[PDB]
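Protein chains in written order, with our numbering: chain G, 1 to 77; chain V, 78 to 455; chain L, 456 to 511; chain Z, 512 to 559.
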Amino acid sequence: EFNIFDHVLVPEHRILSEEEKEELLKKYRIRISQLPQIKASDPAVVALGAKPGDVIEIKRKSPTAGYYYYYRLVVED
Amino acid sequence: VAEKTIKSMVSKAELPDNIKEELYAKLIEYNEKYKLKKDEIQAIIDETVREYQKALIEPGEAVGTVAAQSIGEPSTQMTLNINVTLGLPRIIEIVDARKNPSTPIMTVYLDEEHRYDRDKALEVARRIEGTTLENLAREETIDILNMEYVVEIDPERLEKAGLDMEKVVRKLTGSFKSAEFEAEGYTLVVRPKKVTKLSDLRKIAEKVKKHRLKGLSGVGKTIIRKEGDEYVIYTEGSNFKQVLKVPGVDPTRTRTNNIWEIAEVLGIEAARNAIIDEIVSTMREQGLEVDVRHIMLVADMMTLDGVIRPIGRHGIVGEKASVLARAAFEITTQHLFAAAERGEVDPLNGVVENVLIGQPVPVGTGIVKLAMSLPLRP
Amino acid sequence: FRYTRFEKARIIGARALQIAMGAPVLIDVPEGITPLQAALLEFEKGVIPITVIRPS
Amino acid sequence: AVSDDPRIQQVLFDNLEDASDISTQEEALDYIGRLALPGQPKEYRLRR
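Printed below as a string of structure tokens:
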């Protein structure tokens with residue numbers, strides 16, 4: 001089958017662990033509601049098998065910095 | 078100086094990873110040409126670090142306002158008006174998050190089995206392209222003696238469509254069960270089963286001619302172009318989900334003009350990337366140089382909540398937490414009354430509300446805090 | 456540690472405001488200059504007493 | 512009152528059978544009065 005992550009427009013998506021999520025929240029001094037949101041019906045979310053309440057680490061292909069890290073919180077539809 | 082020493086110095090230097098690789102490659106290229114010494118390499122690395130530190134943006138900069146100005150100013154010299162209609166209408170449609178863009182265009186790529194020869198590309202295109210009965214027919218004539226509509230088609234368009242006559246009559250007979258279809262020569266003859274009223278003939282004649290014989294819905298025109306010793310298929314209309322699962326089509330590089338289809342099929346991050354690419358392509362076509370950082374900031378603000386949002390009263394401004402900022406932009410009475418109903422509280426953390434009241438804005442010098450020891454003497 | 460343009464502007468404005476309503480100049484200045492010019496000269500001499508509080 | 516060419520006449524007949532609900536002028540006047548002035552007596556709607 002055609003994986004959703006093989007597209008050039010789709011960056012790598014990885015589910016953060018609990019300790020990784022806590023460290024990310026501590027680093028930026030933000031709550032879980034101050035992160036960008038991603039819908040639970042997103043193709044990347046259903047491909048990763050994530051559930052609402054998790055934080056997805058996105059490895060963007062930066063035109064300026066080469067590789068850039070973005071974080072999105074899974075929320076219900 | 079060996080390459081290992083240069084790599085070690087580059088790694089020891091404080092630089093981003095993308096800068097480190099480019100600097101190492103340039104130093105390797107220049108090392109054989111001019112026989113660089115260790116002190117020269119160290120000075121080059123120090124200068125690169127200093128330039129990187131100098132290029133860092135200072136805190137407190139109004140990046141959003143600068144981005145909005147740097148996007149809106151080149152639009153004042155844009156040009157208005159195959160069938161791609163770029164320019165100011167295109168960027169307006171992009172920033173307004175239009176559900177259905179005007180003249181959608183789908184860029185379709187092919188795998189290794191079809192990207193080398195024109196015949197495979199042509200048959201893939203004819204598989205993608207949607208052909209119905211009304212375009213195949215030469216003229217329309219309602220016949221009353223048989224009490225049913227009669228269809229005739231030219232041989233050239235039937236041959237180029239890729240399906241023969243038997244395929245056509247099997248397509249309509251399976252799809253439509255109210256009336257039967259008979260064919261002789263190069264003509265279609267339709268015969269009713271329980272149709273007697275003349276008014277019921279028109280409702281069944283139009284349904285027959287608009288039925289799609291083959292291809293994907295929403296695609297009516299398809300062209301093929303060659304670039305970089307590869308064949309790229311450009312279609313009119315957008316059906317991303319259907320065209321993704323089509324044999325002979327590479328789904329890794331296939332993209333569409335509709336950002337909403339990209340979000341629904343690929344993801345929100347892919348939608349943001351598509352928005353950035355569309356804005357960059359429009360600016361490049363118009364001949365206007367705009368820094369990509371403004372475009373990525375706009376796209377990040379557009380896809381903050383996981384869905385594509387416009388920049389108007391129904392998008393980013395509509396979901397602003399400030400009552401005064403929302404009321405000041407487009408809709409004043411409705412927003413104020415809605416805030417009065419809910420008892421909303423405006424924390425005055427934004428810029429517009431502080432401008433309205435007469436308080437310093439939280440940008441530039443407004444975020445600077447000062448302290449001073451009192452026992453100060455000359 | 457280097458001053459940003461916004462921080463430098465805020466420091467110069469605060470010093471000029473202080474000079475306008477008192478706060479005698481800590482360095483010798485030519486006669487007939489504005490308080491803003493005196494604050495700029497003080498900043499050039501590196502004698503400003505105003506610091507910047509940064510988040511931590 | 513429209514034309515005599517059979518192509519126009521076919522569309523005319525189609526319109527006539529599609530609009531066979533109204534038989535006389537009074538019913539069409541009732542429709543016009545209902546659209547212009549809904550919720551009014553029949554005489555007032557007819558006059559309007």
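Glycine is no exception: its CB is placed at the ideal position from the N, C-alpha and C atoms.
In chain L, which residues lie less than 8 Å from residue i when you measure between Cβ atoms?
i, result
"V/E135", "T459, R460, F461"
"V/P455", "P479, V480, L481, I482"
Name the chain V residues that come within less than 8 Å of residue i, Cβ to Cβ?
i, result
"Z/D525", "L275, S276, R279"
"G/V75", "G383"
"G/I58", "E346"
Could you name the residues of chain L that residue i contacts, counting a contact when the two beta carbons are closer than 7 Å?
i, result
"V/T442", "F461, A464, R465"
"V/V445", "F461, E462, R465, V507"
Going along chain G in order, which residues have a C-beta closer than 8 Å to the C-beta of residue i?
i, result
"V/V369", "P63, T64"
Is there a Cβ of chain V sitting closer than 8 Å to that of residue i, yes or no?
i, result
"Z/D529", "yes"
"G/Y69", "no"
"L/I488", "no"
"G/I15", "no"
"L/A471", "no"
Comparing the C-beta of residue i with each C-beta of chain L, is any distance below 8 Å?
i, result
"V/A448", "yes"
Which partner residues does residue i have in the DSSP bridge list?
i, result
"V/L447", "L/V507"
"V/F258", "V/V267"
"V/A198", "DSSP output for V/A198 lists no bridge partner at all."
"G/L73", "G/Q37, G/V55"
"V/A214", "V/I230"
"V/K303", "V/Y308"
"G/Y67", "G/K61"
"V/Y186", "V/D327"
"G/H13", "G/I58"
"V/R332", "V/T184"
"V/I219", "V/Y226"
"V/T209", "V/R289"
"V/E341", "Answer is none; V/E341 lacks a bridge partner."
"V/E313", "V/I182, V/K298"
Below 7 Å on C-beta distance, what does residue i contact in chain G?
i, result
"V/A347", "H7, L9, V10"
"V/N350", "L9"
Distance cutoff 8 Å, beta carbons only. Does residue i sit that close to anything in chain G?
i, result
"V/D382", "yes"
"V/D94", "yes"
"V/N426", "no"
Flag residue i as yes if its beta-carbon sits less than 8 Å from any beta-carbon of chain C, otherwise no.
i, result
"L/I505", "Of the protein chains in the structure, G, V, L and Z, none is chain C."
Residue i touches chain G at which residues, Cβ-Cβ below 9 Å?
i, result
"V/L249", "The premise fails here: V/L249 is roughly 32 Å from chain G at the closest Cβ pair, so nothing lies under 9 Å."
"V/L187", "The contacting residues do not exist; V/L187 stays about 15 Å from chain G at best."
"V/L343", "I4, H7, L9, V10, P43, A44"
* Asked: Can we say the segment 159-166 of chain V touches the segment 481-494 of chain L, given the rule of at least three CB pairs closer than 8 Å?
  -> Note that the segment 159-166 of chain V does not touch the segment 481-494 of chain L; fewer than 3 beta-carbon pairs, one per stretch, sit closer than 8 Å.
* **Residues from the segment 267-296 of chain V in contact with chain Z, defined by Cβ distance under 9 Å** => For the segment 267-296 of chain V, the set of residues with a beta-carbon nearer than 9 Å to any beta-carbon of chain Z comprises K274, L275, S276, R279, in chain order.
* To do: Return the residues of the segment 327-341 of chain V that lie within a Cβ-Cβ distance of less than 9 Å from chain G, sorted by chain order.
  => Within the segment 327-341 of chain V, the qualifying residues are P328, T329, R330, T331, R332, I339, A340, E341.
* Three CB pairs or more closer than 8 Å across the segment 336-350 of chain V and the segment 379-392 of chain V -> As far as the Cβ criterion goes, the segment 336-350 of chain V touches the segment 379-392 of chain V, which means the pair count is three or higher.
* **contact_flag[the segment 282-296 of chain V, the segment 243-259 of chain V] where n(CB pairs < 8 Å) is 3 or more** => The segment 282-296 of chain V, when compared against the segment 243-259 of chain V, does touch it at the 8 Å Cβ threshold.
* Asked: Taking any Cβ of chain V, which residues in the segment 31-45 of chain G have a Cβ under 7 Å from it, in chain order?
  -> Residues of the segment 31-45 of chain G with a C-beta atom less than 7 Å from some C-beta of chain V are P36, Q37, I38, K39, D42, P43, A44, listed in chain order.
* Taking a cut of 8 Å between CB atoms, which residues from the segment 105-137 of chain V lie near chain G? -> From the segment 105-137 of chain V, no residue has a Cβ closer than 8 Å to chain G.
* To do: Could you tell me whether the segment 401-416 of chain V touches the segment 190-207 of chain V, where touching means 3 or more Cβ pairs closer than 8 Å?
  => Taking a contact to require three or more Cβ pairs closer than 8 Å, the segment 401-416 of chain V and the segment 190-207 of chain V do not qualify as touching.
* Asked: For the segment 361-373 of chain V against the segment 144-159 of chain V, are there 3 or more C-beta pairs whose distance is under 8 Å?
  -> Short answer: they touch.
* **Residues within the segment 304-328 of chain V neighbouring chain G, beta-carbon criterion of under 8 Å** => So the list reads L321, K322, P328, given in the order they occur along the chain.
* **Touching by the beta-carbon criterion (3+ pairs, under 8 Å), the segment 10-23 of chain G and the segment 307-320 of chain V** => The segment 10-23 of chain G makes no contact with the segment 307-320 of chain V; the number of CB pairs closer than 8 Å stays below 3.
* To do: Report yes or no: do the segment 195-213 of chain V and the segment 291-302 of chain V share at least 3 C-beta pairs separated by less than 8 Å?
  => Touching, per the Cβ criterion.
* Inter-stretch contact (C-beta, 8 Å, three-pair minimum) for the segment 488-508 of chain L and the segment 466-476 of chain L -> With a cut-off of 8 Å, the segment 466-476 of chain L and the segment 488-508 of chain L count as touching, because enough Cβ pairs lie within range.
* Determine contact between the segment 43-62 of chain G and the segment 351-360 of chain V, defined as no fewer than three beta-carbon pairs at a distance below 8 Å. => With a cut-off of 8 Å, the segment 351-360 of chain V and the segment 43-62 of chain G do not count as touching, because too few Cβ pairs lie within range.
* Asked: Is the number of C-beta pairs between the segment 217-227 of chain V and the segment 237-246 of chain V that are closer than 8 Å three or more?
  -> No, the segment 217-227 of chain V does not touch the segment 237-246 of chain V.
* Would you be able to state if there are at least three C-beta pairs under 8 Å between the segment 259-274 of chain V and the segment 177-184 of chain V? => Too few Cβ pairs lie closer than 8 Å, so no.
* Asked: Between the segment 41-55 of chain G and the segment 67-74 of chain G, are three or more C-beta pairs nearer than 8 Å?
  -> Pairwise C-beta distances place the segment 41-55 of chain G in contact with the segment 67-74 of chain G, as three or more of them are shorter than 8 Å.
* Counting Cβ pairs, one atom from each stretch, are 3 or more of them under 8 Å apart for the segment 516-523 of chain Z and the segment 502-511 of chain L? -> Segments in contact, no.
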